[PDB]
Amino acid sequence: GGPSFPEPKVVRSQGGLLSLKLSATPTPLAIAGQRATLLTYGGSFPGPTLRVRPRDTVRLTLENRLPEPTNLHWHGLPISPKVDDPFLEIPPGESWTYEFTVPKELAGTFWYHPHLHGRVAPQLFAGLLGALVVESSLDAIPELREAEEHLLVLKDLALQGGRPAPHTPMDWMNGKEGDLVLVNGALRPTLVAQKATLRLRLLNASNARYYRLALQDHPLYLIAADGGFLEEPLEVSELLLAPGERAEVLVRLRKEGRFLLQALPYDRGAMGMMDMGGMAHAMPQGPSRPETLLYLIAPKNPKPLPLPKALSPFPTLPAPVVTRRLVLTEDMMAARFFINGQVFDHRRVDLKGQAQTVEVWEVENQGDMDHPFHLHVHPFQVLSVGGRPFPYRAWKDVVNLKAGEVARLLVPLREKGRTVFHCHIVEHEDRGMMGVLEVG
């Protein structure tokens, strides 16, 4: 409506305090040229971006104006599971105040969304999500300060009768993807760049859709992963963002013109059903159709800044004291999903660890679908996936596993208490692919 490029409204802390009341409410709005009622925080889709600095106080009162219970997960924030409480239920009509201090050693793009087990997928799909940006002193170095910065919330949607389409049985098996492939709730927006270097914060807030990102004629310079900066920029030709992952990239516009940002074809192992004679058997859907995410218009005679030579040194972690093995398996036709052969039970503790120790987690995907594995509260360092060493050091909290692959994670245990790990194809979490970690 206003600036060519739609981005969520930003709410900033004031004098070190971000005090805000958000309502979760069915909201009529215009989206992608049609009128629809979505479930929104703060009356908008996506919800407002919260922008804070380390050591700020966040005081967020969530008013539940939905007809079902809900809660908030502060995705990626290494804060206490007593605040980021995955078992809390806020009944319809009730409110709850989340109060926490932003950790001192923290930077990057995080997000908030519901985490009430069994109702996550319908609520997230309906529009309940927003970003949280932790700004850092590193944002003052000239190579970042002088770049043009934008948030890109990647989230798809399907509408039916002016509401989010309901989940089908097949949706619970695959994770629901929609035909409206949106950026900040907008359909294929145009970004008319004014600076030759762009700094793009990227958030995959979809239930299940993957974004194999590629900018026409350009590489991307990765500078942050889910939970923090890399140590130095990493040049990549494309960047896969699984559900729940974040990244930040620098884009260095090489010449005038129009360049498409696309989600290239990607096969995550979703399944259909076919009947060819007697059959009635499951069959791969194959790769996603390519999608145009936005149009990027370069400015006249672009002369991008030099890349930063360094970002943030990654901490040297203490030697680990235990190795864990978590195997992921599937029962596709039952839409049931397991970790070490079990479905979630909120009464059952599955792993018991010691705060301020480091653990090695070997997560093995023995299913046929991609599974993006997420751990609350305790960001990790991905060492390797599928036997390939990871090409950078940075904090992550979601790691994608293709079929058969093992991820080896270095997991420093931070805040004490009971938290969860789960697949971030949230339909799979709702259907049991989640476990309980207790840190003492």
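Each residue number is its position in the shown sequence, starting from 1. By rigid core we mean the largest C-alpha set that fits within 1.5 Å across both forms.
Once the structures in 8 other deposited structures of this protein are superposed via the core, the pair 157-165 and 267-275 is resolved in favour of 267-275 as the more displaced stretch (C-alpha RMS). Here the rigid core sets the fit, and in 8 other deposited structures of this protein the C-alphas of 278-286 stray farther than those of the other stretch, out of 278-286 and 224-232. Stretches 124-132 and 313-321 differ in mean CA B factor, with 313-321 having the higher one. The PDB entry reports B-factors from which the mean C-alpha value can be compared for 328-336 and 220-228; the larger average falls on 328-336. Residue-level inspection of the entry shows that, of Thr197, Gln366, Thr292, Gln354, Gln366 has the top Cα B-factor. The top Cα temperature factor in the record, among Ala32, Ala403, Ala394, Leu39, falls on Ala32. For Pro69, the recorded CA B-factor ranks within the highest third of the chain. Only modelled residues enter the ranking. Sort the chain's modelled residues by C-alpha temperature factor and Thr57 lands in the highest third, per the entry. In this PDB entry, the Cα temperature factor of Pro26 sits in the middle third of its chain's modelled residues. Per the PDB record, residue ranking by Cα B-factor puts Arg201 in the lowest third of the chain.
When all modelled residues of the chain are sorted by CA temperature factor, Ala208 is found within the lowest third.
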